[PDB]
Amino acid sequence: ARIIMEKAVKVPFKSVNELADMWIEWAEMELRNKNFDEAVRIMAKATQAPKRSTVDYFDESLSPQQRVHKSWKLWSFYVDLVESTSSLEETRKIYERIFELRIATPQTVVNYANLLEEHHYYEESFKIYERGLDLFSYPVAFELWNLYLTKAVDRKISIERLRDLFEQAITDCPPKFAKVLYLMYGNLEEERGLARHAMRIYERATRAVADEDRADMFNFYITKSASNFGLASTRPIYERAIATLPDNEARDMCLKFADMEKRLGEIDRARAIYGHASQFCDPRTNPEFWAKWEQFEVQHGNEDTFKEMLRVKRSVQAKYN
Amino acid sequence: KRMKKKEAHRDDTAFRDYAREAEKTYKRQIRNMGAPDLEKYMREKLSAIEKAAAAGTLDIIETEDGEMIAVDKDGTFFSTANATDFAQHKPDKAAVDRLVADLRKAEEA
Amino acid sequence: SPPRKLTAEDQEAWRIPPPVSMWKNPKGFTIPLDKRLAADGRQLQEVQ
Amino acid sequence: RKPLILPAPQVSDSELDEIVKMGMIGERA
Amino acid sequence: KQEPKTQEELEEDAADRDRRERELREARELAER
Amino acid sequence: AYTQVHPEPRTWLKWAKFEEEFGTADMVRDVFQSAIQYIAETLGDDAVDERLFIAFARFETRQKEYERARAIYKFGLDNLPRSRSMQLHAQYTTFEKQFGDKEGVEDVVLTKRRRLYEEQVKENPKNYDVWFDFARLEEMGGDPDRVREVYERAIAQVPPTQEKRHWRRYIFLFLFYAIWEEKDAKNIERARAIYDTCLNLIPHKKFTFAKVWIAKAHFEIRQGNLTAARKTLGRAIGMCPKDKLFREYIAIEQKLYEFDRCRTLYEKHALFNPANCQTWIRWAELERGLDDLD
Amino acid sequence: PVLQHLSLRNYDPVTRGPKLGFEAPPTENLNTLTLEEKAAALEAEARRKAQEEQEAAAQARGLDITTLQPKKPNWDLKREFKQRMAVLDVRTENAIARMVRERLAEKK
Amino acid sequence: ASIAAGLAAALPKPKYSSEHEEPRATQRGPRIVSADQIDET
């Protein structure tokens, strides 16, 4: 059987996966024959190449035996065999050999981090997370960056190192992940530091988020400012939301600011905000805004104010026609 | 690399100058070459080595390591500068037909 | 010398608009009235 | 959007500050 | 029902545990010397 | 010939990538050495580009030569100005965070945080939060001279406006600096001098903060100087009689079992603020605790 | 015997191949809340707090004093000073107790 | 320039010896060289 397996390994088959399956079957037969060390030796001999092997496995010019070092299935089988048979040093050597061939996916980096965490090693898990982040920056490690952030939160690292890691993870991240990253950074700044850093992170997120989540981020920042500080601190930022949000979003922000000013007592500021919203929205297309302005004028506003509101509505109707 | 190359293609669409368009069309034409016929270039390299060794310009030496080295007295083999028979090169029918076909393809475009 | 490197900013900065003549039509073109009054500077006068 | 020059409010940030000082003084009383 | 807040031990990494073991080994070697 | 004709770092990096893909590592080392040597001898020792150092260091890391790359990083961060080394320093920080040790990563993070705090202080000298963050980073680093210099720089940022918020922020920064000097530096005389300077620089004719006086009294109590704390409390009461300061003085007198001093403080608070029924209730409770029903 | 010395973390025992995160992502194996799990309940809590504040403002007729300034000024600085005065307060209390004991010994 | 000499003194010996390092691209035969490599071979 060993001679037949060696002859099949020496047969240049078309598919390298066929040779990998034959090697895995030989290793399984050796393991069933109480030769797990011999199986690991045969697996290492099958995945034997130089320190800088760069032969593409998809290239249909070399033999499948030569293009067998970049086999992910054979490497995974060898790692699984050596995980329950050797110590952590051989597992680290196998991980380094897999990283040398650049055939390790984000799942491989996650498995290496889990193996490091299972061996009472947290700095090595952070090193593996950094390797996963550096090997694939933008798309393929945002989830790995989230896992690294979770590990750092569970490790209770120092504030400077955590801030540096959060800045590195949110440096060139896409906005769909950068919104959650900035929210987590603000939560960490509020939990383990002053609220000024969280406010600055929220302000940066309000200027660096997607247009769909810009209004939600602005509302969350306003709620956080009202919870952690005074409600007047959101007075200018909402004014900034007047200059940044989209037309319906700016109308909603102006309505919220007018409600806040009416609650505080700024009747003139609320009337000016309502007039700006009426100037920034058609009367026939935004009847809810006109109804809210009329309700506010009934709650606060005279007959002259009602006539001015009617004139503004007529002007908006003329502009929309 | 593919995404950054396509981003550079999108950024380079606007007319800057003529050397930039010249480089762009040269890269496009080199891409439209396809893979070069490395086996062919192997044959003319061996044939030119044979005729130059018969002409004494190239020298074949079996060194102490038992490998055939081919040293050049002049520089006429590498680049056909110093080789006054650069005029005597005659392209075959297929290459001239390929050139005329590509020029006519640009015309029809 | 090797040619100066031209950006798109320069190529748009040396764009000459077509002359909207309000005296002459040697080819009898029916120009829009919008283009006829663009070069007229009387529309840029402050009545103070 | 054309820039709307909003007038200065009749109550300022400092005036609102002393207003809420008096308010929390009454609340704590 | 309030969950029992068991005091979890500080997870010493490879660096921290290795430094502690190396400090103990160096102290033993210094005592032997 | 290309690197002779076009001796920019970009062409040297192109040669480095070519010799990486199609040649030995010794050729790549020779290419990088020739690049840095040529740029050092034609643009001078000062104008060598950091990208050559970054690319050679990353080539060393991908060749798993960690001490070589560390030598490249430290030499690039030594012999180049700080104005043209932000990317090289960032690559050092991410390399130490990648495959370095804990002490080196901590030192790199401390250097990056110090640079960011210095930039923030240069941009906003009145930013008390940035100064407090820099002081906390210096305290975590363990440098006493750097922390003292940061505290002196933050104390020199006197607020021009006499607003209550700016004065409160300055008083909080001074109290944090005094607490850092008392805890880590353990300098009682420096803390007393800082408290005296904060009391003198505070415009008590316009706005007074009882928190600074309470912190000074607590620092004097921690030093065992009860007479100095009593004199400071009396001076604070005379300069600006506050209910919080009077309550703190009464609590300090009750902790020292001084019933006569507590009664005198309650009488002074009743004379200054007869409308405050809380002071009268506290005095009645103190009299009831002394078994004096009459 | 073959499926007894394997970690079964990245190799599928049924498909005889590498595990894929499209159907079995590793984030479901975490014992804590990830970044995808986080930043979602906080937004819901903020929205609920805003709705409760709006309902309280609609129900009430006067402006609450602790609604425009729910926290005191420099509350973060006060919290930082309280957190920093962890052993300093204990040292001050020990000094006060030592002074009281010295006064009692002088009286006795 | 002192930067090149200082950094050349700064590096240590590389820990992976590469005296057997054949170049990463096996150039196809024949090896035809210039006139200056006759004494080199």
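As annotated in the PDB entry, chain H carries the name Pre-mRNA-processing protein 45 and is attributed to Chaetomium thermophilum. According to the record, the entry carries the title "Cryo-EM structure of the thermophile spliceosome (state B*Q1)".

By the naming in the PDB entry, chain F goes by Suppressor of forked domain-containing protein and is assigned to Chaetomium thermophilum.

### Quick notes on the overall build of chain H
A count of helices and strands for chain H gives one helix and one strand. Each of the three principal axes of chain H carries a C-alpha extent, and together these read 40 × 25 × 15 Å. Sorting the 41 residues of chain H into buried and exposed places 17% on the buried side. Split by element, the accessible area of chain H, about 3,100 Å² in all, is 48% carbon and sulfur. Taken as two groups, the 5 positive and 6 negative side-chain charges of chain H have centres that lie 11 Å from each other.

### Digging into the overall build of chain F
Counting its regular elements, chain F contains 16 helices and zero strands. The C-alpha atoms of chain F give a radius of gyration of 30 Å, which is well past the 19 Å a tight globule of 294 residues would have. Considering only intrachain contacts with a sequence separation of at least 6, the fraction spanning at least 24 residues in chain F is 42%.

### Thoughts on the interface of chain F and chain H
At the junction of the two partners, chain F supplies 24 residues and chain H supplies 18 residues. For the side of chain F that touches chain H, the secondary structure elements donating two or more residues are α2 (9-22), α3 (25-42) and α5 (66-78) of chain F. Among the elements that make up the side of chain F that touches chain H, the one with the highest residue count is α5(F) (seven residues).

### Section: the pairing of strand β2 (residues 68-72) of chain B
Two elements, strand β1 (residues 58-62) of chain B and β2(B), share five bridges in a ladder whose sense is antiparallel. The residue of β2(B) that forms the bridge with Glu62(B) is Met68(B). Linking β1(B) to β2(B), which pair antiparallel, is a turn of five residues; within it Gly66(B) sits at a positive phi near 70°. The sheet contact formed by β2(B) and strand β1 (residues 31-33) of chain H spans three bridges and is parallel. Residue pairing for β1(H): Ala70(B) is matched across the bridge by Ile32(H).

### A short note on the sheet that holds β1(B)
The strand order across the open sheet built from three strands is β1(B)-β2(B)-β1(H), with neighbouring strands paired in mixed fashion. Only two strands of the sheet have a single neighbouring strand rather than two, namely β1 of chain B together with β1 of chain H. Between one strand axis and the next, the sheet turns through 25° on average, direction left out of account. Contacts from helix α3 (residues 38-55) of chain B reach β1 and β2 of chain B together with β1 of chain H within the one sheet, and its direction differs from that of β1(B) by about 95°.

### Regarding the pattern of salt bridges
Between side chains of opposite charge, a pair can form as their charged atoms come close. A salt bridge links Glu44(B) to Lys40(B), with the shortest nitrogen-to-oxygen separation between them at 2.9 Å. Residue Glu44(B) and its partner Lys40(B) are located together in helix α3, separated by four residues, close to a single helical turn. The partner of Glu67(F) in a salt bridge is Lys15(H), with the nearest N and O atoms 2.8 Å apart. With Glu67(F) in helix α5 and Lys15(H) in the loop between α1 (2-10) and β1, this residue pair bridges two chains.

### Some remarks on the packing of aromatic side chains
Residues and elements named next belong to chain F. Consider the rings of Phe56 and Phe59, whose centres lie 6.2 Å apart with planes at 15°: the pair is stacked. In this pair, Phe56 and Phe59 both sit in helix α4 (residues 50-62), three residues apart, roughly one turn of the helix. Through a chain of ring-to-ring contacts, three or more aromatic side chains come together here, namely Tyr66, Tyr73, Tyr92, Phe95 and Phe99.

### Points about the arrangement of the chains
If you rank the ten pairs of chains in contact by how many contacts each has, first place goes to chains F and H. Looking at chain A next to chain C, you find no contact at all, with the nearest C-alpha pair sitting 22 Å apart. There is a clear gap between chain E and chain H: no contact, and 23 Å between their nearest C-alpha atoms.

### Some details on the packing of helix α7 (residues 123-135) of chain A against helix α6 (residues 86-99) of chain F
Between α7(A) and α6(F), the shortest axis-to-axis distance is 7 Å and the interhelical angle comes to 130°. Relative to α6(F), α7(A) is oriented oblique. Of the residues in α6(F), those in contact with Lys127(A), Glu130(A), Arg131(A) and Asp134(A) of α7(A) are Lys97(F), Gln98(F) and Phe99(F). Looking at the contact of α7(A) with α6(F), its residues break down into one nonpolar, one polar and five charged.

### Brief notes about unusual backbone geometry
Keep in mind that most residues, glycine aside, have a negative phi and that most peptide bonds are trans. Omega for the peptide link from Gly29(H) to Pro30(H) comes to -5°, which places this bond in the cis form. Tracing the chain through its elements places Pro30(H) in the loop between α1 and β1. Even without being a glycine, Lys34(A) presents a positive backbone phi close to 55°. Inspection of the secondary structure assignment puts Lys34(A) in the loop between α2 (16-32) and α3 (36-46).

### Thoughts on the packing of helix α14 (residues 247-264) of chain A against helix α15 (residues 267-279) of chain A
Residues and elements named next belong to chain A. Axis separation between α14 and α15 bottoms out at 8 Å; the angle between their running directions is 165°. One way to sum up the angle between α14 and α15 is to call them roughly antiparallel. The handedness of the crossing between α14 and α15 is left-handed. Contacts from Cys254, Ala258, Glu261 and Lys262 in α14 reach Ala270, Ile273 and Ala277 in α15.

Basis of the calculations
Residues numbered from 1 in each chain as written, not as in the entry; some residues may be left out. Chains lettered and ligands numbered in written order. Part of a larger assembly, values for the part shown. Heavy atoms only, no water. Residues with missing side-chain atoms left out of burial classes, pairs and counts. Helix = DSSP H or I, 4+ residues; strand = E, 2+ residues; numbered from the N terminus. Buried < 20%, exposed > 50% of the residue type's maximum accessible area, 1.4 Å probe, protein only. Areas by Shrake-Rupley, 256 points an atom, 1.4 Å probe, with all protein chains shown as cover. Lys, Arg positive; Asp, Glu negative; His and termini not counted. Charge placed at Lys NZ, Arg CZ, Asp CG, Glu CD. Rg over C-alpha atoms; globule rule 2.2 N^0.38 Å. Contact = heavy atoms within 4.5 Å. Pairing = 2+ DSSP bridges. Axes fitted to C-alpha atoms, helices over the stretch in contact; angles between N-to-C directions. Salt bridge = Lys/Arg side-chain N within 4 Å of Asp/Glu carboxyl O. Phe/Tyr/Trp six-rings, centres within 6.5 Å; stacked < 30°, edge-to-face > 60°. Parallel < 35°, antiparallel > 145°, perpendicular 65-115°, else oblique. Nonpolar A, V, L, I, M, F, W, Y, C, P; charged D, E, K, R; others polar. Left-handed = near helix turned anticlockwise from the far one by under 90°.

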